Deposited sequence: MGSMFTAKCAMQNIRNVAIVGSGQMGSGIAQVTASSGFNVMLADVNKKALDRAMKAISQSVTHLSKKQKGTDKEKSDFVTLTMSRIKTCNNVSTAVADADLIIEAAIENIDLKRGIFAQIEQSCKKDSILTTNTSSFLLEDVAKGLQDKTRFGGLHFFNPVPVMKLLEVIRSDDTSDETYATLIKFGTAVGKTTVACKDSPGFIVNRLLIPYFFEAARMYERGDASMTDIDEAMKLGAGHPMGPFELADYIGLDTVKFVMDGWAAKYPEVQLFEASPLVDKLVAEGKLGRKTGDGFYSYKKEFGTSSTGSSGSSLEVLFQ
């Protein structure tokens, strides 16, 4: 009932993944990015993915109508203020840089409707910190989707210390309407999934640095013994060694009493060499 029009700021992988599922679920989407070329690449990829996905779901015509109708609900705009002026729900999905996210929320709030809900997709920062400059924080919250968004069912919905119950309940309801399985978390570093997987990866690295077991043995053991789809070093390569490094460095300094948070000489050495994992074709492993 309350949300019919969604604006999404950021047309990188997660932003356009969000626009894809939001539009497929029947909402109108406004996709904003000042980078006009990224905006174009994103629209093409949404189109290719929605066409591709439509195949599995009635008749041939019936598939092709779905595609056209879905795409018709996605519009683009190169200006953040213009794009958010009339949205009920606004989702920031920009890279993990806190000052950039703040800058963007400053611009959103100069232009958005009073009763509109504002969300961030971040996992690297606290909602309280992203939201620090806002006039109304009772309408701000977190929608942490997982890449690739059209494939992953999970959605972490996060309340800061100010999110109203009204805002929260609407977020949970939006998550469910876009086909997600929501789980509720508070503004705590790493929410549920990172707060647990990242220190687990750091523990595997520590075990390796002690010389207790080899790197590929550890990975094999977790895959075969715990039935995980990836072993922890692969998982790190997949998240990015620069992300895991930055998140852990952040926690270490912010919670100084938490012994579990600590940097790893081995992770730092790889990042210092620019072996950042899958994304650069080299991390713990090569690709």
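Stretches of the deposited sequence absent from the structure, as judged by C-alpha coordinates, are 1 to 11, 69, 300 to 320.
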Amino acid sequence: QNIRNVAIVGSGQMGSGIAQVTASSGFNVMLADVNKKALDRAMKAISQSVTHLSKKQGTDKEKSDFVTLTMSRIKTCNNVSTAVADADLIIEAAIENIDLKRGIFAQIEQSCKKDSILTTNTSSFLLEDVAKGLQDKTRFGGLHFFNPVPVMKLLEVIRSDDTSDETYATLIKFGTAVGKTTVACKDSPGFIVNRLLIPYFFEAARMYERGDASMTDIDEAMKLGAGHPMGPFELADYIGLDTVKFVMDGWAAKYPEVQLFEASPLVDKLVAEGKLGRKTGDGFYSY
From here on, numbers count along this sequence of modelled residues.
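Remark: stretch with higher mean C-alpha B factor among 134 to 142 and 79 to 87 is 134 to 142.
On average the C-alpha atoms of 258 to 266 have higher B-factors than those of the other stretch, with 225 to 233 and 258 to 266 being the two compared. Across 215, 151, 158, 155, the greatest Cα temperature factor reported in the deposited entry is at 151. Residue set 92, 203, 129, 96: peak C-alpha B-factor at 129 (per PDB entry). In the PDB entry, a CA B factor belonging to the highest third of its chain's modelled residues is recorded for residue 67.
Per the PDB record, residue ranking by Cα B-factor puts residue 181 in the lowest third of the chain.
Residue 114 sits in the highest third of its chain by CA B factor, as recorded in the PDB entry. Per the PDB record, residue ranking by Cα B-factor puts residue 121 in the lowest third of the chain. When the modelled residues of the chain are ordered by their C-alpha B factor, residue 253 lands in the highest third.
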